[PDB]
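Accompanying notes for the structure given below.
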Amino acid sequence: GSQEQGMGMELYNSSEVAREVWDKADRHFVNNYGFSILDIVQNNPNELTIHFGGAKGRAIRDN
Amino acid sequence: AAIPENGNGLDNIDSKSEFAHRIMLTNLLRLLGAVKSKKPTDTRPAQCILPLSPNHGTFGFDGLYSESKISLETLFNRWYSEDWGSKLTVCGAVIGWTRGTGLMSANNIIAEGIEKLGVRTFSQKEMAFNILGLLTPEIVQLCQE
C-alpha cells in the first residue's frame, strides 16, 4: 500500500544493522536475480533490464 | 587498430614502431581494462575479438607487430588469473591471408600460388563473415565459459 521512493533509507544510512540487512538482501538479489533492490527503492526506475550473460547470468536465468 | 609499419627490423625499432606497439598492445589492454572498470554488472560481459596473427616474426621487418600480436595472447591465461573473467571474454581470431588489405596487398599476386597447395586465402568479405561467426550466441556462450 505504501512503497514510496527511498523508504527506509534514513535508517539505512544511520544504523549499521539496517545497513547489514539491506546489504545482505541487495547482494542476494544481485547474485540470484540480477537487480539491486536498493537501486529500485532509491531511484524507482520505470524500466529495468536484466542481463543473463556469463555463468552468474546464466544461473540467474535458470532461477 | 593497427598502423602500417614496414621495413623496421630489430636494428630500426623506431618511434613509429614504438607508437604502433602502444596502439596495438598497450592502449589496447588499457581500453579493455577501462571497459572492465566501467562495467557495473557481472552478468553482461564484453567479448573482446582480438586480431591475433599466426606469423610471430615469420616474415620479419615488421617492427613490433609480432610482439604486439603475441602479447595479446596472454589475455587467454589472464582471463583465469585475474578478476575480469566475468567482465571480459577473450575471443582471439588468428586472422589468415586476407586479400586487398595493406598488410598483404603486395602478396595478392602470389595468393594463387599459395592456394595451389590446397590452402585457403581469404577476401575481406570472407574474413568478415568468419569473424562475425565468432559473435554467434553459441560462440558467445563458449567465450563466456
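Residues are named by chain letter and number: chains run A, B, ... in the order of the C-alpha cells, numbers start at 1 in each chain, and ligands are numbered from 1 in the order shown.
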Residue list (strand (DSSP E or B), DSSP) for chain B, as a PyMOL selection string = chain B and resi 8+46-52+62+88-94+98+122
Can you spit out the residues from that selection as a short mmCIF file (atom, residue, chain, number, x, y, z; two decimals), in the first residue's frame, using N, CA and C atoms?
data_model
loop_
_atom_site.label_atom_id
_atom_site.label_comp_id
_atom_site.auth_asym_id
_atom_site.auth_seq_id
_atom_site.Cartn_x
_atom_site.Cartn_y
_atom_site.Cartn_z
N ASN B 8 61.06 -2.05 -40.76
CA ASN B 8 61.67 -1.85 -39.45
C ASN B 8 62.06 -3.21 -38.88
N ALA B 46 31.73 -8.41 -22.05
CA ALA B 46 32.07 -7.93 -23.38
C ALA B 46 33.02 -8.91 -24.04
N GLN B 47 32.67 -9.34 -25.25
CA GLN B 47 33.51 -10.27 -26.00
C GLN B 47 34.56 -9.49 -26.77
N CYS B 48 35.81 -9.59 -26.33
CA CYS B 48 36.93 -8.90 -26.97
C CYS B 48 37.44 -9.77 -28.10
N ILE B 49 37.22 -9.33 -29.34
CA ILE B 49 37.68 -10.05 -30.53
C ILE B 49 39.09 -9.54 -30.81
N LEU B 50 40.08 -10.34 -30.43
CA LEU B 50 41.47 -9.92 -30.54
C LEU B 50 42.03 -10.32 -31.90
N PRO B 51 42.56 -9.38 -32.70
CA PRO B 51 43.10 -9.79 -34.02
C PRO B 51 44.47 -10.43 -33.92
N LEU B 52 44.50 -11.69 -33.49
CA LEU B 52 45.76 -12.39 -33.39
C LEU B 52 46.30 -12.69 -34.79
N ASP B 62 58.90 -6.14 -39.67
CA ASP B 62 57.56 -5.63 -39.40
C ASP B 62 57.51 -4.78 -38.14
N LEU B 88 35.05 -9.41 -19.09
CA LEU B 88 35.52 -9.52 -20.46
C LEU B 88 35.72 -10.99 -20.78
N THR B 89 35.47 -11.36 -22.03
CA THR B 89 35.65 -12.72 -22.52
C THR B 89 36.49 -12.67 -23.78
N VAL B 90 37.58 -13.42 -23.80
CA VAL B 90 38.59 -13.31 -24.84
C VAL B 90 38.23 -14.23 -25.99
N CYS B 91 38.21 -13.67 -27.21
CA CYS B 91 37.98 -14.43 -28.43
C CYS B 91 39.10 -14.02 -29.39
N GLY B 92 40.18 -14.78 -29.41
CA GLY B 92 41.30 -14.45 -30.27
C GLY B 92 41.15 -15.04 -31.65
N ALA B 93 40.95 -14.18 -32.65
CA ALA B 93 40.82 -14.59 -34.03
C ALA B 93 42.18 -14.50 -34.69
N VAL B 94 42.80 -15.64 -34.95
CA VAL B 94 44.06 -15.70 -35.68
C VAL B 94 43.69 -15.51 -37.14
N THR B 98 44.57 -12.37 -45.83
CA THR B 98 43.45 -11.55 -46.27
C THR B 98 43.88 -10.76 -47.49
N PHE B 122 41.80 -15.60 -48.10
CA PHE B 122 40.50 -15.01 -47.83
C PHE B 122 40.41 -13.62 -48.43
#
Starting from chain B, keep only residues with some atom at most 7 Å from an atom of chain A, counting only C-alpha atoms, and report them as a PyMOL selection string.
-> chain B and resi 43-45+86+144-145
Selection file, C-alpha atoms, as an mmCIF file, in the first residue's frame:
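Ended up saving to out04.cif:
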data_model
loop_
_atom_site.group_PDB
_atom_site.id
_atom_site.type_symbol
_atom_site.label_atom_id
_atom_site.label_comp_id
_atom_site.auth_asym_id
_atom_site.auth_seq_id
_atom_site.Cartn_x
_atom_site.Cartn_y
_atom_site.Cartn_z
ATOM 1 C CA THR B 43 26.162 -10.651 -15.938
ATOM 2 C CA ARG B 44 26.865 -8.792 -19.224
ATOM 3 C CA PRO B 45 30.443 -9.491 -20.335
ATOM 4 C CA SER B 86 33.144 -12.288 -15.825
ATOM 5 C CA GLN B 144 31.884 -16.693 -21.555
ATOM 6 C CA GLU B 145 32.728 -20.215 -20.373
#
Name all residues at most 12 Å from segment 106-120 of chain B (count only C-alpha atoms; drop same-chain ones fewer than 6 positions away) and give them as a list in words.
->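 These residues fall inside the cut-off: residues 95, 96, 97, 98, 99, 100, 126 and 127 of chain B.
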Report the closest atom pair, with its distance in Å rounded to one decimal, for each residue of segment 41-145 of chain B that has an atom no farther than 8 Å from segment 11-23 of chain B; count only C-alpha atoms, sort by chain and then rising residue number, and write it as a tab-separated table.
residue	atom	partner	partner_atom	distance
B:63	CA	B:17	CA	5.3
B:64	CA	B:17	CA	5.8
B:65	CA	B:21	CA	6.8
B:67	CA	B:21	CA	7.8
B:68	CA	B:21	CA	5.9
Atomic separation - atom CA of residue 24 of chain B relative to atom CA of residue 40 of chain B, Å =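 These atoms are spaced 26.1 Å apart.
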